[PDB]
Structures are given as C-alpha cells and as structure tokens.
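Shown next as structure tokens: one chain only, the form deposited in one PDB entry.
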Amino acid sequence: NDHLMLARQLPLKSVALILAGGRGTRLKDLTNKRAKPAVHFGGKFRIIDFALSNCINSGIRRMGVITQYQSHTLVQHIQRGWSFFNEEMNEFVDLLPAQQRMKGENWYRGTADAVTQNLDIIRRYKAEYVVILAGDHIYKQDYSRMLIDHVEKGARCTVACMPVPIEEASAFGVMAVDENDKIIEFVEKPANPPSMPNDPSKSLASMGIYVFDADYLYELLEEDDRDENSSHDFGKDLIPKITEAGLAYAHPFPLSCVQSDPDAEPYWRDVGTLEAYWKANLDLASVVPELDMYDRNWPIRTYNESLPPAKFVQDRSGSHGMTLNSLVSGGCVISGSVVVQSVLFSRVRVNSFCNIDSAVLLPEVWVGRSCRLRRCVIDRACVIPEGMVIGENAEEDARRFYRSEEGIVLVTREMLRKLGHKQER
C-alpha cells in the first residue's frame, strides 16, 4: 500500500501516547519526589523531552502524556516548555492523570489500564494510528519511518525491536521473529532471556514502542479490561495476545534511528539503575559523545529557561579555575576550583578550593569551600557543607549516603539533613 504522499499524511492521522506513568524503583531516591520521565538529564533536559521531540520532528503533533506518580514537576515542565501549541492547527499535549472523584478511586491499575480509563477522550481525537511510547527512555527515533513500515506490511501492531546483550535482556520484552518480521514468540521479562539465532550473546528486545491500528487497540483493551486474571500491561498481557493471533510485526530500530554518524550503532539508554544514569550524562561530557545534541536536523525541545551566562571567577586567593571535559550550563558560578568529567546543571554555585571529578550536579546545588567530590550524583538543591569529602572512603560513604554496588554515590537533602546539615540556603 505505497503512495507518493503517504509518508506525510500518516503522522497527521496519528496520535502518540506517552506512558510517563510510574517510576523506576531501580533509580533509588533519584525518584522519591518525581517521576522517572522528569529526571534531569543532559545539563538542561528531562527524559520526557526525548519521547516528545521525536513526535514533533516526526510530524506527530498530537501527544497524550499519561502521568500517575509524583507528577507535579513533570506537569509543571510540560506547562512551561510544551505549551506553545494551538489546538486549532490539530496539535496539543494533553495531560491525562487519573480522574479523581469520591476521594479514593480511579488510580490506574496497569500500563494498559491507563489507556482504558482515558478511552473516551482518545476516541474524540479520531486517530487511525496510535503510537504507544514509553517516555522514560532516551533515544532519537523517527516515528514517520516506523509508521510506514507498519503500513507497507499491512500490520495491526508493530513493535520496535532492537538487540541487546543477553545479560540485560531479563528486564525487557524478548521476542523471536521470522523472515518477514512477524513475531512468533513473545515473552515479557523472562528469567532466561532466549538468544537470537546466529547471535548467541544477544537477544531481540522490545523497546516499549508499539504502533497500533486504532480500530484494533480499542477492541483489544475493552476485550482485555473485562479480564479478571489480566495484570493490565502492554507487555505482560496484550502483546502476547496479538502475537498468538499472528497480527504482530517487528520494526527494527536501526532503520528509524536518527544518528549523525551512520557508521555507529543506534543509541538506546533506558537509564535503568543509578549507574547508567551517571554514565549516560558524562557521555555528553566526553570529546566524542555517543549522543549528538549539537544536531540541528533533529533538535530536542525543552524548557528554555532564562539564565545568565556561566560565570567563572577567581577564588579567595586570586587563583584560576581549571576545567577538563565538562559541561557548565547557565546560571552556574564556579569560584576558581577544578572541575573534571563533570556535568553541572543550571544555577550550580561552586565556592572556592573544590575538587569535582566524574560528578553530576543537578540544579541549584551549592558546593561549599574545600569540598572533594568523586563519582557522585548530587540531587536537586543539595547544600553541601564546607570540607565535605565524597568518593574517597567507600566504607564512610555507604553509611552516610547511598552507594551502589559499582561505586556511584548519591546525595540528597534528606541524606544530608539527617547528618545535621542545614539545607535551607
């Protein structure tokens, strides 16, 4: 079903649904006061700016952001950086938190029980192709090249699949395909992830990116919402049901990936645990980042906050401040200290004589005089006191703060407030 203009008409006949939804329990306390899509990233972004700017640059300007857990920061972010739309041009970012009445009802029992509470609003959009996006993930995808591959194949559901190492394939949806990219066997979060054919060390995993014939989705959820043994989830209940009827195809991600270096492999990081969050940000600080953010053909839209330039000033002794492979966003004030392999977000104040190495300083952090920081994640608005040392004694950082098994430290206000340090600057 190939036509000259089909590539431009299908995004307009389409509607995206971001399951901002729940959290990552594996992100520890990075999330205790926010949703995982609203975790900061990149010096100025949040994670949901990746699953939203790919809808825009793919022509999909009708989005539906499903928010349940700690969404105040998320909703405020959509309000301030994603509310430039005009509903008359057939474009909008509708927020669909669970509707509360009688004071204790409607709380979204599953991933697919959140698209069923809102199934009277989504019909009104009159959409033929429903993209189902997990927006707690980081990528650069073109969903107007996955929609075609969906329309050429004559598919009803189209799961974006990409291979990953079998070691981490127990956290995603492993499938198995054929010569025509038809899903034969799908199993969600196995304990023994089956390998690919010819690639024993890797498994063909679902990314959480389903494209759906809308006439099939509505008839599949209402045919699923009445099920008493269902767990109400896309992976755990529906995609096996579609697969077992043979109506589920697989769309390889390398085809519909936007990357500035065609020789490279596609970039996917779901920032699962704490360690991959830290490792994902500092990749932007290296010399050749795996993720291009100086790209003008696929830009990422965010809250363009008004901040003054990054100021570097002399310390108390009149000396210089040295920097090496670091990002200093706007608002920062670094008073003559050494910053290495670091990422400083907005409004980070760093007083004199500090040493900062492989750190990520989320916004409004105040580092006090003579602090040493190594392999850490400093949370929002943390007021680090004077002479604090972090990342040199693992036995003394595990009983103060949180310390992952790989050596990454996390600092929060509650962790610092419990040691007596006042966090009200």
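Residues that one form lacks are left out of the comparison. So that there is no doubt, residue numbering starts at 1 and follows the sequence shown. Basically, rigid core = biggest C-alpha set you can superpose within 1.5 Å across the two forms.
Another form, the form deposited in another entry, is not on view; read the next lines as being about it.
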{"item": "Shifted position (C-alpha, 2 Å or more, core held fixed) between this form and the one not shown, chosen from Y108, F172, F186, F234", "value": "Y108"}
{"item": "Cα displacement of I300 between this form and the one not shown reaching 2 Å, rigid core superposed", "value": "no"}
{"item": "Core-superposed comparison between this form and the one not shown, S201 Cα displacement 2 Å or beyond", "value": "no"}
{"item": "CA of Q99, rigid core aligned, shift of 2 Å or more between this form and the one not shown", "value": "yes"}
{"item": "Inter-Cα distance between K13 and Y108 in the other form, nearer or further [3 Å or more]", "value": "farther"}
{"item": "Closer or farther in the other form: C-alpha pair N118, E105 (3 angstroms or more)", "value": "farther"}
{"item": "Mobile segments between this form and the one not shown - rigid core superposition, Cα shift of 2 Å or more, 3+ residues", "value": "98-109"}
